[PDB]
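1. this one is an experimental structure. Sequence first:
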Amino acid sequence: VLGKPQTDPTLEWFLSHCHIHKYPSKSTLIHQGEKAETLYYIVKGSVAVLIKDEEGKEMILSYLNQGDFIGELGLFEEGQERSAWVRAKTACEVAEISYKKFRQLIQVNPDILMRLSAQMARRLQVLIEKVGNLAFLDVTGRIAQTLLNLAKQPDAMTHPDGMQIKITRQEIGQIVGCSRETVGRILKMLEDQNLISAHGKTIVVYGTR
């Protein structure tokens, strides 16, 4: 009752240690930090990492796709996230595994951490990914970085005009410091062929800006 794909000897050897869970579009995989001691790995599909303050501001930290680990932040913090919700953007297959199980793998075979750490080591530095560019400025500054991140991720297919994303003032704003209210205001400019062809649900970005 099994049979999954693979690419590397360590990616498959470890994949058998976790429980690959299939999550459809808009299917939250993590809730703040319900785990607080479990590592995740998007075996397929794509998801989004949301964050909330002590008031519940809610903000899309960044986007993740197949081959991306989640909750690993706790492996060097405390639990697993406890402040990084995970909302799947499309039919994905993220696997989960208790630290007590993962920590054993990284120690049994020095490679699982080299591939996982490499993701986080560039996840907050990737720049323009909405993770290491949010420090710049919210509305009138972040709204742009977002549209760019999607164009950098495999989620946004390469169109003959730009990219094929499944977001807009509705989701975009969430990634920024405001909502579609103030965010959409700036989108009205680009959407009008002044920076980016944002047709709403589908944002056509000319290869990241």
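-> Cool, got the structure. Numbering: from 1, shown residues only.
2. helix or strand: which one has the spatially most central residue of the chain?
-> Nearest to the geometric centre of the chain sits residue 63, at 2.1 Å (CA atoms, centre = their mean). Residue 63 is located in strand 59-65, with elements delineated by DSSP states H and E.
3. each with direction, which strands does that strand pair with?
-> The strands beside strand 59-65 in its sheet (DSSP bridges) come out as strand 46-51 (antiparallel).
4. can you give the distance from the strand it pairs with to the centre of its chain?
-> Centre-to-centre, strand 46-51 and its host chain are 4 Å apart (CA atoms, centre = their mean, to the nearest Å).
5. and for stretch 142-162?
-> Taking CA atoms, centre = their mean, one finds the center of stretch 142-162 at 13 Å from the center of the full chain.
6. mind listing what's buried along that stretch?
-> Residues 142-153, 155-156, 162 are the ones in stretch 142-162 that count as buried (16 or more other CB atoms under 10 Å). No exception for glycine: its C-beta is placed from N, CA and C like everyone else's.
7. end-to-end on it?
-> End-to-end span of stretch 142-162 (CA to CA, to the nearest Å): 19 Å.
8. show me the contacts for the residue nearest to the centre of the chain.
-> Applying CB atoms under 8 Å, 6 or more residues apart in numbering, one finds that residue 63 lies in contact with 46-49, 89, 129-130, 149-150, 153, 155.
9. just to revisit the earlier point, please point out which parts of the strand holding residue 63 sit buried.
-> Neighbour-count burial for strand 59-65 [16+ other CB under 10 Å]: 59-65.
10. list just the nearest of these to residue 12.
-> Set against residue 12, the nearest of the buried residues of strand 59-65 by CB to CB is residue 65 (18.6 Å).
11. can you give the domain ranges for the protein?
-> 9-137, 138-206 (curated CATH domains).
12. any idea how far residue 130 lies from residue 186?
-> 15 Å (CB to CB, to the nearest Å).
13. so those two - more neighbours on which side?
-> Shown here are residue 130 and residue 186; by other CB atoms under 10 Å, residue 130 has more neighbours (27 against 22).
14. regarding that one, what is its secondary structure?
-> Here residue 130 is recorded as coil under DSSP: H, G, I helix; E, B strand; the rest coil.
15. was I right about it contacting residue 51?
-> No: applying CB atoms under 8 Å as the test, residue 130 and residue 51 come out as separate, 10.9 Å apart.
16. need the overlap of contacts for the two.
-> Residues touching both residue 130 and residue 51 (CB under 8 Å, 6+ apart) are 60-61.
17. please enumerate the strands of this structure.
-> 19-23, 28-30, 38-42, 46-51, 59-65, 68-70, 85-88, 92-98, 157-158, 163-164, 197-199, 202-204 (DSSP state E).
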